[PDB]
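Beneath this line is the structure, given in structure tokens, with notes to follow.
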Amino acid sequence: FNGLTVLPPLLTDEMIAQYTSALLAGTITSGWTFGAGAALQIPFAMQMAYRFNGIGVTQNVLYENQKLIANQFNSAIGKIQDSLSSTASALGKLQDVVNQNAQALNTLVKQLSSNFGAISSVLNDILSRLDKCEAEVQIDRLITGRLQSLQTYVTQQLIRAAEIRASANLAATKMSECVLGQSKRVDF
Amino acid sequence: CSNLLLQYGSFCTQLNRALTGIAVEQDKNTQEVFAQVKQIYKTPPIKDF
Amino acid sequence: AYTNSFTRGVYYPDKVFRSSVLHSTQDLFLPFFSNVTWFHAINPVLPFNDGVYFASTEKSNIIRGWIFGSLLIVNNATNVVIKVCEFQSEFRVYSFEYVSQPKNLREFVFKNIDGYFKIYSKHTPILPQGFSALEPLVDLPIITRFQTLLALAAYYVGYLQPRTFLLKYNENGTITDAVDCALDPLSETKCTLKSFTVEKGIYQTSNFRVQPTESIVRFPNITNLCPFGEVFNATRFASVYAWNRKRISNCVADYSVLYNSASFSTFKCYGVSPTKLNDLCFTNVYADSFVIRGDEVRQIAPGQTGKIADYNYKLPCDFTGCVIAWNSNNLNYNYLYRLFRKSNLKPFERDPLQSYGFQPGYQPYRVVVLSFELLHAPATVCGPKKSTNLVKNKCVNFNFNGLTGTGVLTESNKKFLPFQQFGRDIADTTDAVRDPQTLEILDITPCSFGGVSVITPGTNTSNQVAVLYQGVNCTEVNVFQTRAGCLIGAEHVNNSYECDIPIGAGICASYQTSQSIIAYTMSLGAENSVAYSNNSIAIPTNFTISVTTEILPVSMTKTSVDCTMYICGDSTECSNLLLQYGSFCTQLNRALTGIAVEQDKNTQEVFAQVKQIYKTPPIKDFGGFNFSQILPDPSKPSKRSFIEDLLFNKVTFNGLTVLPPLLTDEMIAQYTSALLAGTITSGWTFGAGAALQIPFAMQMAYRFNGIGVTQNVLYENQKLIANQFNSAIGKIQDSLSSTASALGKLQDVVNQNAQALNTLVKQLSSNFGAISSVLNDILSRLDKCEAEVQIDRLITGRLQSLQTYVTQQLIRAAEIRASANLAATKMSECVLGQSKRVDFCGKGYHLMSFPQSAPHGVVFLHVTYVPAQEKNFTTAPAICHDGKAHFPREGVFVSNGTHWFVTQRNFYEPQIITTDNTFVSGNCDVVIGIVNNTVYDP
Amino acid sequence: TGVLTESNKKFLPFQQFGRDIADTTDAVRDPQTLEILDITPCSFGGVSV
Amino acid sequence: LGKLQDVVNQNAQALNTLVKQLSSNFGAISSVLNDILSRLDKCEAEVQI
Ligand SMILES: C=CC1=C(C)/C(=C/c2[nH]c(/C=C3N=C(/C=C4\NC(=O)C(C)=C4C=C)C(C)=C\3CCC(=O)O)c(CCC(=O)O)c2C)NC1=O
Ligand SMILES: *[C@@H]1O[C@H](CO)[C@@H](O[C@@H]2O[C@H](CO)[C@@H](O)[C@H](O)[C@H]2NC(C)=O)[C@H](O)[C@H]1NC(C)=O
Ligand SMILES: *[C@@H]1O[C@H](CO)[C@@H](O[C@@H]2O[C@H](CO)[C@@H](O)[C@H](O)[C@H]2NC(C)=O)[C@H](O)[C@H]1NC(C)=O
Ligand SMILES: *[C@@H]1O[C@H](CO)[C@@H](O)[C@H](O)[C@H]1NC(C)=O
Ligand SMILES: *[C@@H]1O[C@H](CO)[C@@H](O)[C@H](O)[C@H]1NC(C)=O
Ligand SMILES: *[C@@H]1O[C@H](CO)[C@@H](O)[C@H](O)[C@H]1NC(C)=O
Ligand SMILES: *[C@@H]1O[C@H](CO)[C@@H](O)[C@H](O)[C@H]1NC(C)=O
Ligand SMILES: *[C@@H]1O[C@H](CO)[C@@H](O)[C@H](O)[C@H]1NC(C)=O
Ligand SMILES: *[C@@H]1O[C@H](CO)[C@@H](O)[C@H](O)[C@H]1NC(C)=O
Ligand SMILES: *[C@@H]1O[C@H](CO)[C@@H](O)[C@H](O)[C@H]1NC(C)=O
Ligand SMILES: *[C@@H]1O[C@H](CO)[C@@H](O)[C@H](O)[C@H]1NC(C)=O
Ligand SMILES: *[C@@H]1O[C@H](CO)[C@@H](O)[C@H](O)[C@H]1NC(C)=O
Ligand SMILES: *[C@@H]1O[C@H](CO)[C@@H](O)[C@H](O)[C@H]1NC(C)=O
Ligand SMILES: *[C@@H]1O[C@H](CO)[C@@H](O)[C@H](O)[C@H]1NC(C)=O
């Protein structure tokens with residue numbers, strides 16, 4: 001409440017979740033076809049055979065190890081829940097993003113408590129203690145430094161937003177290549 | 001203090017412009033990542049995969 | 001009577017010529033569409049509020065009086081007379097004398113500003129709706145009233161008020177249009193954008209604050225007067241060796257009676273002004289009294305050097321207080337004072353001794369100093385101000401014991417321990433307070449504030465607007481509350497469409513049907529349910545060839561800014577002063593030079609991916625594919641393609657220098673022509689070494705084989721594919737010859753660099769606290785030593801503008817470099833080859849791509865394969881023939897109901913299931929879904 | 001400082017000087033003879049080796 | 001190897017510049033803090049510092 005305003009995101013969390021549900025449904029029911037145009041349905045065990053054929057394993061392997069593969073996948077999915085229901089350290093990349101924006105803001109607000117060489121950090125105190133001509137000097141001293149704090153904050157935010165944009169472009173590329181299709185790129 | 005701030009020109013039209021650009025870019029980032037699908041597909045009630 | 005002022009009463013505000021510019025100025029103007037009083041003469045004694053507009057449509061002109069106040073101006077239709085004296089066919093105006101020289105819509109504007117009576121006028125032949133600027137007239141030297149005399153028709157009178165206007169000057173330099181800024185939200189948007197046209201979108205125009213209703217002065221219930229008589233009228237003052245410190249606390253001090261008293265010679269207040277002293281509350285007061293010589297009265301001040309300052313009484317540098325000295329030559333060898341000390345005294349420290357005499361410069365002076373403590377500890381001593389009754393749940397201007405502030409006071413559940421007087425938060429702001437009169441706790445919440453945004457479609461479509469008050473609850477301002485704030489002027493609709501203008505929190509707005517602005521929740525897309533079954537597949541039977549354009553910035557305008565010019569325009573003195581700041585401006589130049597070099601590197605990386613300059617043959621036989629729209633044509637002077645020209649027409653002296661790019665546009669076009677020729681004539685081979693020629697219809701078959709479609713499809717649908725591609729290429733021209741919005745990614749790059757530069761240049765018009773923004777004016781008005789200060793003030797701020805600009809440019813150049821690296825990767829992977837990466841080289845299965853130069857960018861025409869006509873079939877993972885399972889070698893098994901076929905997966909081409917399109921492994925007892933069918937043996 | 005040239009700009013006969021986008025004195029009116037002179041800053045530019 | 005060498009050089013030039021900025025007055029009487037503290041009293045040295 002100091003001129004700060006946090007705008008809400010255009011896409012609410014429910015609707016991000018709806019997008020992800022749509023992507024999962026398309027991947028499950030149609031494979032990579034829904035990314036190239038109309039969603040063409042296909043049994044899951046078949047697009048899985050396609051995906052094995054795409055890594056150099058012929059498709060009889062899947063049909064002869066169907067139950068084993070399904071059990072392995074189910075166990076892995078179960079292990080993800082155990083990794084995420086006990087340990088909070090896996091989410092750090094996001095948590096830092098929340099923290100960095102907080103620390104940047106708090107600092108900014110705390111810079112309102114600094115004199116910057118003036119008699120006081122409170123503008124109304126200066127205006128109530130001093131005449132116009134003498135208060136002008138101190139208020140200019142405060143402006144020169146509150147403005148500098150804003151410039152510092154905005155430069156930091158621009159750099160951080162560039163980093164976040166790089167990460168978001170990577171995430172979009174992964175969604176396009178890892179979800180909407182399968183990738184031959186190694187360790188991508 | 002506003003009258004005194006006017007002596008510094010237009011630092012704070014451009015600061016607002018920068019922050020507004022950042023905010024718009026965030027929505028663009030989310031749009032680019034998640035809105036990669038034309039329609040909203042739904043899984044069938046029966047789950048035989 | 002009454003009528004409307006249809007955008008009348010606009011005049012040239014100054015004697016400055018401006019042309020082809022939208023200039024914003026704020027002064028006394030007639031508001032647009034205001035109610036202007038009609039009159040019909042038969043006197044009417046009008047007022048002079050701040051300035052009078054005056055329109056008239058007569059020859060008679062019996063408006064023959066201009067009385068003020070005594071100022072009495074008369075304009076008698078032949079000679080102007082002005083008489084300033086105490087005044088009280090016929091001359092019945094009343095019971096310095098200036099004289100000036102001896103069917104129509106006559107317009108006039110009168111105002112009195114700074115002792116200047118300004119008349120502006122426009123005598124135009126025949127309120128008429130329209131626009132007409134008012135040129136000035138005689139400005140007179142010299143008052144709150146007006147008169148028109150009727151010495152024994154239609155005239156309209158407005159009233160100017162302070163308004164901001166956006167005047168539009170044409171090429172001839174005359175005003176053709178204007179915008180009343182504070183009329184409607186749309187005009188505020190026009191002001192913010194500095195334009196007369198607004199595109200569809202949401203624009204942050206201004207900010208909204210809840211103004212305080214009343215001021216609450218709340219001081220404790222104490223009335224005992226402070227004991228100031230007993231330290232001023234005391235009979236004996238202690239000597240300056242041991243200055244007598246008397247504490248004052250817990251009383252009401254009246255400082256005005258001391259200040260207005262004439263007995264005191266000097267009353268010097270440091271850190272406070274004596275007039276404001278009654279408005280303040282101090283935690284503690286110290287009154288230190290002593291007597292000194294008259295010439296040493298200046299030594300009692302912060303930051304002074306002398307025997308008294310260092311050895312007797314030391315004031316701190318940050319001394320908040322007052323010093324009061326009066327000549328007391330009535331009340332002598334009894335004044336001991338230290339003269340020799342082994343060091344300097346600490347501030348407010350009391351301790352070789354000398355005693356100068358006094359025989360009635362050398363005269364005695366009795367002095368006291370009132371050291372105040374404006375801490376945030378509990379206030380004890382205060383002024384005589386009354387304590388108003390408090391109010392709650394309302395934005396007020398509160399003042400608790402000198403703690404001023406603005407906000408709503410509410411009852412608090414916070415439990416204060418009974419020694420705590422106020423509260424704080426993480427921000428170290430006053431979250432709560434304790435009322436001195438009644439010992440209760442009040443929470444302080446700053447009353448509502450927030451930005452206000454204007455939802456508008458393009459002004460081409462309509463002038464309707466909605467207004468979003470961001471993050472407020474507009475019970476505190478049809479009307480519809482949202483999670484992003486609240487929206488007025490737009491109606492809520494339960495339907496859901498695609499987003500047109502984003503509001504936030506899932507809410508979008510659009511101009512739709514009478515037509516109005518509607519608000520709704522965005523619909524994420526058409527609802528579709530995939531008919532998934534564990535034995536059904538959907539095979540395409542046809543396809544489409546789709547050409548989609550991807551626009552990528554590559555570079556931006558190379559620029560270089562000489563600091564010594566921008567900061568110190570051909571000034572030696574300012575250059576010498578700039579040298580004191582070191583080497584800021586060798587490194588700023590280095591940074592900008594690095595950016596400029598990086599731009600050329602970006603273009604080199606993107607376009608110079610080809611060893612040689614390939615040329616297409618004169619004969620164009622590419623299997624029916626028509627590349628005339630993208631290949632260069634020699635008829636044009638610049639060897640550019642048709643699409644390249646369409647793209648090149650859709651994009652639009654202060655130490656600044658714009659360097660030219662190393663690669664001219666013609667040569668970028670030559671690079672792109674070479675890439676197109678190589679792609680057409682040789683395929684992907686020219687990127688891997690020597691260009692190996694191949695018929696186009698064949699490398700196209702290769703590219704189909706690379707997306708999982710066998711090559712007979714192409715040869716059997718050659719003409720259809722060629723026609724589809726040609727039609728798509730034709731549609732690109734229609735998309736680019738009418739709509740300019742497709743090129744936005746480049747246009748912004750051009751705009752951002754422009755706005756950054758203009759701002760920079762405009763920062764040269766700012767004082768930054770100095771007397772003037774013009775360096776030569778300061779150097780011509782002031783001496784060297786005094787001009788040095790102001791010039792340093794200007795440098796500190798012009799240098800800051802440069803640093804801001806260069807930081808912005810570095811960040812933007814990083815973004816542009818990222819985009820250029822992406823464009824180079826696309827050229828390498830989409831053009832020099834075909835990419836298996838999904839949605840990288842366009843949507844669909846990538847076939848190829850075409851580069852086209854664009855201003856500071858590149859355009860990739862991605863030709864992709866999109867399957868078109870799906871058909872349901874029943875399928876099976878395998879087939880049991882003779883107890884052994886057969887799997888498809890390449891493809892999938894399908895059935896039209898009766899027979900079983902094997903077909904490729906991206907195009908329905910059924911074939912008889914034989915032993916060469918299938919392979920056998922295992923027995924038919926482990927595969928789930930295997931079916932029984934015969935497998936033919938060749 | 002600059003070069004003074006004859007101007008085709010038409011000043012209305014109350015306008016004493018002119019400006020540009022940069023809010024710099026693009027033109028001027030000569031007090032002695034009532035004529036209009038365009039102001040152009042005389043040539044400057046970096047030198048490279 | 002230039003792409004690496006520049007990285008070594010850019011970090012060096014940035015640092016040297018920084019250190020050299022300690023030799024500038026910035027309008028003060030001297031660039032050496034102890035000189036100001038030894039030449040001036042507390043209140044007057046406060047301004048220059
Ligand atoms: C009273 C003081 C007075 C004022 C302020 C005034 C303003 C004024 N009137 C003008 C035109 C003119 N002004 C008038 C007459 C009048 N216009 C009036 O405001 C009034 C009150 C009359 C008298 C009844 C006429 C007839 C013209 C010429 C219009 C034409 O071409 O027919 C002009 C343009 C002169 C030029 O450059 O050609 C000015 C500046 N004239 C005056 O006499
Ligand atoms: C595949 O689609 C194309 C069009 O996308 C079809 O070609 C059209 O055929 C009709 C007649 O059936 C003509 O009137 C159109 O002019 C054709 N269009 C083009 C662009 O040539 C084609 O017939 C479809 N193939 C199948 C097997 O249905
Ligand atoms: C490739 O397309 C262009 C148009 O995009 C064709 O040029 C047209 O040719 C016809 C004659 O067949 C003329 O009547 C038109 O005026 C031409 N239009 C333009 C814009 O030049 C060109 O003929 C096509 N190429 C082939 C080989 O058919
Ligand atoms: C005169 O102006 C006032 C203020 O806008 C308006 O309320 C009133 O209706 C107007 N009168 C007429 C006759 O239009
Ligand atoms: C005004 O501008 C137009 C532009 O077409 C020009 O022709 C004309 O000479 C100018 N002057 C006048 C008085 O119209
Ligand atoms: C006088 O002071 C007491 C002390 O708390 C307070 O309760 C009372 O309201 C005060 N009187 C007035 C008139 O303010
Ligand atoms: C001191 O006494 C004189 C006369 O007795 C009086 O006029 C003056 O107001 C007194 N000053 C103070 C501070 O009491
Ligand atoms: C807005 O005000 C209403 C009425 O005072 C209240 O019920 C609501 O909780 C407030 N906050 C909102 C709508 O977020
Ligand atoms: C929209 O839905 C809300 C749901 O509560 C309902 O109250 C309202 O009447 C609906 N409006 C229309 C126009 O259907
Ligand atoms: C396939 O069958 C489903 C349900 O039987 C139907 O919804 C879908 O439209 C069919 N596909 C085609 C191409 O007709
Ligand atoms: C399936 O295809 C075969 C061969 O083309 C044909 O003889 C048969 O009639 C078809 N059956 C159906 C139901 O389409
Ligand atoms: C799944 O396939 C098996 C055999 O292929 C079939 O018996 C079963 O009915 C199918 N699932 C459903 C839900 O029909
Ligand atoms: C397939 O053939 C085998 C052996 O001929 C038989 O045991 C089995 O029941 C058959 N299944 C179907 C679905 O016809
Ligand atoms: C005197 O003033 C007039 C007014 O314009 C001007 O024309 C003339 O040149 C001036 N005389 C001299 C000697 O400058």
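Every chain in the structure tokens takes a letter, A first, then B, and so on in the order presented; its residues are numbered from 1, and the ligands are numbered from 1 following the presented order.
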
* Would you name the residues within 10 Å of ligand 11, counting only C-alpha atoms and all ligand atoms, and put them as a ChimeraX atom specification? -> /C:895-901,910-912

Give me a file of those residues, with N, CA, C and O atoms, as a tab-separated table (two decimals), in the first residue's frame.
```tsv
chain	number	residue	atom	x	y	z
C	895	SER	N	-9.24	-52.18	-40.71
C	895	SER	CA	-10.30	-52.96	-41.32
C	895	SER	C	-11.45	-52.04	-41.68
C	895	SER	O	-11.82	-51.17	-40.88
C	896	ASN	N	-12.00	-52.23	-42.87
C	896	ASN	CA	-13.21	-51.53	-43.28
C	896	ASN	C	-14.47	-52.29	-42.89
C	896	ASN	O	-15.56	-51.93	-43.35
C	897	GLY	N	-14.34	-53.32	-42.06
C	897	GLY	CA	-15.47	-54.07	-41.55
C	897	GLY	C	-15.38	-55.55	-41.87
C	897	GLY	O	-15.73	-56.39	-41.04
C	898	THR	N	-14.90	-55.87	-43.07
C	898	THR	CA	-14.87	-57.24	-43.56
C	898	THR	C	-13.45	-57.74	-43.80
C	898	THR	O	-13.06	-58.77	-43.24
C	899	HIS	N	-12.66	-57.04	-44.61
C	899	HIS	CA	-11.27	-57.41	-44.86
C	899	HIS	C	-10.34	-56.67	-43.91
C	899	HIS	O	-10.73	-55.71	-43.24
C	900	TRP	N	-9.10	-57.13	-43.87
C	900	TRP	CA	-8.04	-56.51	-43.09
C	900	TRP	C	-6.93	-56.07	-44.03
C	900	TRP	O	-6.51	-56.84	-44.90
C	901	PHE	N	-6.46	-54.84	-43.86
C	901	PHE	CA	-5.38	-54.28	-44.65
C	901	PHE	C	-4.33	-53.71	-43.72
C	901	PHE	O	-4.56	-53.53	-42.53
C	910	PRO	N	-4.61	-48.38	-48.27
C	910	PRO	CA	-4.70	-49.77	-47.84
C	910	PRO	C	-4.02	-50.71	-48.83
C	910	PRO	O	-4.05	-50.48	-50.04
C	911	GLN	N	-3.42	-51.76	-48.30
C	911	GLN	CA	-2.74	-52.77	-49.09
C	911	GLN	C	-3.09	-54.15	-48.55
C	911	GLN	O	-3.49	-54.30	-47.39
C	912	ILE	N	-2.92	-55.15	-49.40
C	912	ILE	CA	-3.18	-56.52	-48.99
C	912	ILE	C	-2.08	-56.96	-48.03
C	912	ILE	O	-0.89	-56.73	-48.27
```

* Site check for ligand 2: residues at most 12 Å away, only C-alpha atoms and all ligand atoms, as a PyMOL selection string -> chain C and resi 540-546+713+716-728+865-871+907-909

* Got a sec to pull out which chain B residues are within 9 Å of chain A, counting only C-alpha atoms, and send them as a VMD selection string? -> chain B and resid 1 4 to 5 11 to 12 15 18 to 19 22 to 23 25 to 27 29 to 44 48 to 49

Go ahead and write the residues just picked, N, CA, C and O atoms, as a compact mmCIF listing (two decimals), in the first residue's frame.
```
# COMPACT_ATOMS: atom_id res chain seq x y z
N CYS B 1 6.04 17.94 -3.69
CA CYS B 1 6.99 16.96 -4.20
C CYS B 1 6.67 16.56 -5.63
O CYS B 1 7.58 16.24 -6.39
N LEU B 4 8.11 19.31 -7.74
CA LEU B 4 9.55 19.13 -7.80
C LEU B 4 9.95 17.95 -8.67
O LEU B 4 10.98 17.99 -9.34
N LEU B 5 9.15 16.89 -8.66
CA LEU B 5 9.42 15.72 -9.48
C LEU B 5 9.30 16.04 -10.96
O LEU B 5 9.99 15.42 -11.77
N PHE B 11 11.17 10.52 -16.36
CA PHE B 11 11.69 9.26 -15.85
C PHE B 11 10.57 8.27 -15.56
O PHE B 11 10.73 7.07 -15.81
N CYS B 12 9.44 8.76 -15.07
CA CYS B 12 8.41 7.90 -14.53
C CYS B 12 7.22 7.68 -15.44
O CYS B 12 6.28 6.98 -15.03
N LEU B 15 9.48 4.51 -16.67
CA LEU B 15 9.49 3.42 -15.70
C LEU B 15 8.18 2.64 -15.71
O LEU B 15 8.19 1.40 -15.70
N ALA B 18 8.11 0.47 -18.76
CA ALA B 18 8.92 -0.74 -18.62
C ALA B 18 8.19 -1.80 -17.80
O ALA B 18 8.14 -2.97 -18.20
N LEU B 19 7.64 -1.41 -16.65
CA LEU B 19 6.95 -2.39 -15.82
C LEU B 19 5.72 -2.94 -16.52
O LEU B 19 5.42 -4.13 -16.40
N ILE B 22 6.83 -5.57 -18.90
CA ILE B 22 7.11 -6.82 -18.19
C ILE B 22 5.82 -7.57 -17.90
O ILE B 22 5.71 -8.78 -18.13
N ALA B 23 4.82 -6.86 -17.38
CA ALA B 23 3.58 -7.50 -16.99
C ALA B 23 2.88 -8.12 -18.20
O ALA B 23 2.36 -9.24 -18.11
N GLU B 25 4.38 -9.13 -20.90
CA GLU B 25 5.21 -10.24 -21.32
C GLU B 25 4.94 -11.49 -20.49
O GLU B 25 5.08 -12.60 -21.00
N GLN B 26 4.58 -11.33 -19.22
CA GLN B 26 4.26 -12.51 -18.41
C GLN B 26 3.05 -13.26 -18.96
O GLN B 26 3.07 -14.49 -19.10
N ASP B 27 1.98 -12.53 -19.27
CA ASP B 27 0.81 -13.14 -19.87
C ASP B 27 1.15 -13.77 -21.21
O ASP B 27 0.65 -14.85 -21.53
N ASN B 29 4.04 -15.05 -21.99
CA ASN B 29 4.78 -16.27 -21.70
C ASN B 29 3.83 -17.42 -21.39
O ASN B 29 3.97 -18.52 -21.94
N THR B 30 2.87 -17.18 -20.51
CA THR B 30 1.91 -18.23 -20.18
C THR B 30 1.10 -18.65 -21.40
O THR B 30 0.86 -19.85 -21.60
N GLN B 31 0.68 -17.69 -22.21
CA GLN B 31 -0.05 -17.99 -23.44
C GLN B 31 0.79 -18.87 -24.36
O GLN B 31 0.29 -19.84 -24.93
N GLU B 32 2.07 -18.53 -24.51
CA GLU B 32 2.94 -19.29 -25.39
C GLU B 32 3.13 -20.71 -24.89
O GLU B 32 3.18 -21.65 -25.70
N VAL B 33 3.24 -20.89 -23.58
CA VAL B 33 3.50 -22.23 -23.05
C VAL B 33 2.26 -23.10 -23.14
O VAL B 33 2.30 -24.20 -23.70
N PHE B 34 1.14 -22.64 -22.58
CA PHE B 34 0.02 -23.54 -22.36
C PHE B 34 -0.99 -23.54 -23.51
O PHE B 34 -1.58 -24.58 -23.80
N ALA B 35 -1.19 -22.40 -24.17
CA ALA B 35 -2.18 -22.31 -25.24
C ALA B 35 -1.59 -22.77 -26.57
O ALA B 35 -1.53 -22.04 -27.56
N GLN B 36 -1.14 -24.03 -26.58
CA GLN B 36 -0.62 -24.68 -27.76
C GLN B 36 -1.63 -25.62 -28.40
O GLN B 36 -1.27 -26.35 -29.33
N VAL B 37 -2.87 -25.63 -27.92
CA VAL B 37 -3.88 -26.58 -28.34
C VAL B 37 -5.08 -25.81 -28.87
O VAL B 37 -5.51 -24.82 -28.27
N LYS B 38 -5.60 -26.26 -30.01
CA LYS B 38 -6.70 -25.56 -30.66
C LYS B 38 -7.98 -25.70 -29.85
O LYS B 38 -8.69 -24.71 -29.61
N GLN B 39 -8.29 -26.92 -29.43
CA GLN B 39 -9.53 -27.25 -28.75
C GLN B 39 -9.23 -27.75 -27.35
O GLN B 39 -8.08 -27.99 -26.98
N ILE B 40 -10.29 -27.92 -26.57
CA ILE B 40 -10.20 -28.43 -25.20
C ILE B 40 -10.67 -29.88 -25.24
O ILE B 40 -11.86 -30.17 -25.12
N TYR B 41 -9.73 -30.79 -25.42
CA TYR B 41 -10.03 -32.21 -25.46
C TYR B 41 -10.38 -32.72 -24.07
O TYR B 41 -9.88 -32.22 -23.06
N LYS B 42 -11.25 -33.72 -24.03
CA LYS B 42 -11.68 -34.35 -22.79
C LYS B 42 -11.48 -35.85 -22.90
O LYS B 42 -11.78 -36.46 -23.92
N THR B 43 -10.96 -36.44 -21.83
CA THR B 43 -10.77 -37.88 -21.80
C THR B 43 -12.13 -38.57 -21.67
O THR B 43 -13.06 -38.02 -21.06
N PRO B 44 -12.28 -39.77 -22.22
CA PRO B 44 -13.56 -40.47 -22.09
C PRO B 44 -13.82 -40.88 -20.66
O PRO B 44 -12.88 -40.97 -19.85
N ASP B 48 -9.53 -47.20 -20.32
CA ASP B 48 -8.94 -48.46 -20.76
C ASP B 48 -7.77 -48.10 -21.68
O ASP B 48 -7.91 -48.06 -22.90
N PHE B 49 -6.62 -47.86 -21.08
CA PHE B 49 -5.41 -47.47 -21.79
C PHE B 49 -4.37 -48.58 -21.78
O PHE B 49 -3.17 -48.34 -21.71
```

* To do: Excluding stretch 5-14 of chain D and residues on its chain fewer than 6 positions from it, collect all residues at most 6 Å away from it, counting only C-alpha atoms, and give them as a list in words.
  =>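 Final neighbour list, sorted by chain and number: residues 36, 37 and 38 of chain D.
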
* When the cut-off is 7 Å and you count only C-alpha atoms and all ligand atoms, which residues lie near ligand 6, shown as a list in words? ->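 Within the 7 Å cut-off, the matching residues are residues 220, 221, 437, 438 and 439 of chain C.
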
* Asked: If we count only C-alpha atoms, which residues of chain E reach to within 12 Å of chain A? Please list them as an MDAnalysis selection string.
  -> chainID E and resid 46:47 49

* **Contacts with ligand 12 at most 7 Å, only C-alpha atoms and all ligand atoms counted, listed as an MDAnalysis selection string** => (chainID B and resid 46 48) or (chainID C and resid 533:535 928:929)

Go ahead and save the picked residues with N, CA and C atoms, as a CSV table (one decimal), in the first residue's frame.
```
chain,number,residue,atom,x,y,z
B,46,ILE,N,-14.6,-43.9,-19.7
B,46,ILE,CA,-14.0,-45.2,-19.5
B,46,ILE,C,-12.5,-45.0,-19.7
B,48,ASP,N,-9.5,-47.2,-20.3
B,48,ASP,CA,-8.9,-48.5,-20.8
B,48,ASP,C,-7.8,-48.1,-21.7
C,533,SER,N,-11.5,-45.3,-28.5
C,533,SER,CA,-11.9,-46.7,-28.1
C,533,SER,C,-10.6,-47.5,-28.3
C,534,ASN,N,-10.5,-48.7,-27.6
C,534,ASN,CA,-9.3,-49.5,-27.6
C,534,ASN,C,-9.1,-50.3,-28.8
C,535,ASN,N,-10.0,-50.2,-29.9
C,535,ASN,CA,-9.8,-50.9,-31.1
C,535,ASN,C,-10.1,-50.0,-32.3
C,928,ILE,N,-2.3,-58.6,-26.7
C,928,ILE,CA,-3.7,-58.2,-26.3
C,928,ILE,C,-4.4,-57.5,-27.4
C,929,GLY,N,-5.5,-58.0,-27.9
C,929,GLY,CA,-6.2,-57.4,-29.0
C,929,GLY,C,-5.9,-58.1,-30.4
```

* In Å to one decimal, how far is atom CA of residue C:729 from atom CA of residue C:547? ->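 Between these atoms lies a distance of 6.8 Å.
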
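The binding environment of ligand 8, defined as every protein, DNA or RNA residue with an atom no more than 12 Å away and counting only C-alpha atoms and all ligand atoms, comprises residues 393, 448, 470, 471, 472, 473, 474, 475, 476, 477, 480, 481, 482, 483, 484, 485 and 486 of chain C.
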
* Asked: When the cut-off is 10 Å and you count only C-alpha atoms and all ligand atoms, which residues lie near ligand 13, shown as a count of residues only?
  -> 12

* To do: Could you check how far atom CA of residue C:501 sits from atom CA of residue C:844, in Å to one decimal?
  => 28.5 Å

* To do: Check which residues fall inside 7 Å of ligand 4 when counting only C-alpha atoms and all ligand atoms, and print them as a list in words.
  =>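 So, counting only C-alpha atoms and all ligand atoms, the residues near ligand 4 are residues 1, 2, 3, 34 and 35 of chain C.
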
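Distance criterion 6 Å to chain A, applied with only C-alpha atoms, yields residues 272, 273, 427, 504, 505, 506, 532, 534, 537, 538, 838, 839, 844 and 927 of chain C on chain C.
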
Written file, previous selection with C-alpha atoms, as a short mmCIF file (atom, residue, chain, number, x, y, z; two decimals), in the first residue's frame:
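Once written, result39.cif looks like this:
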```cif
data_model
loop_
_atom_site.label_atom_id
_atom_site.label_comp_id
_atom_site.auth_asym_id
_atom_site.auth_seq_id
_atom_site.Cartn_x
_atom_site.Cartn_y
_atom_site.Cartn_z
CA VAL C 272 12.77 23.87 11.82
CA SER C 273 11.10 27.10 10.80
CA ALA C 427 7.31 -2.20 5.82
CA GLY C 504 -7.60 -10.06 -16.11
CA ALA C 505 -8.57 -12.92 -13.80
CA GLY C 506 -10.04 -14.72 -16.78
CA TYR C 532 -11.37 -42.97 -28.10
CA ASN C 534 -9.32 -49.46 -27.60
CA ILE C 537 -8.17 -45.58 -35.18
CA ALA C 538 -8.62 -42.48 -37.35
CA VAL C 838 7.33 -30.26 -33.70
CA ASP C 839 5.87 -26.75 -34.07
CA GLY C 844 2.06 -29.39 -38.99
CA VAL C 927 -0.61 -59.99 -27.56
#
```
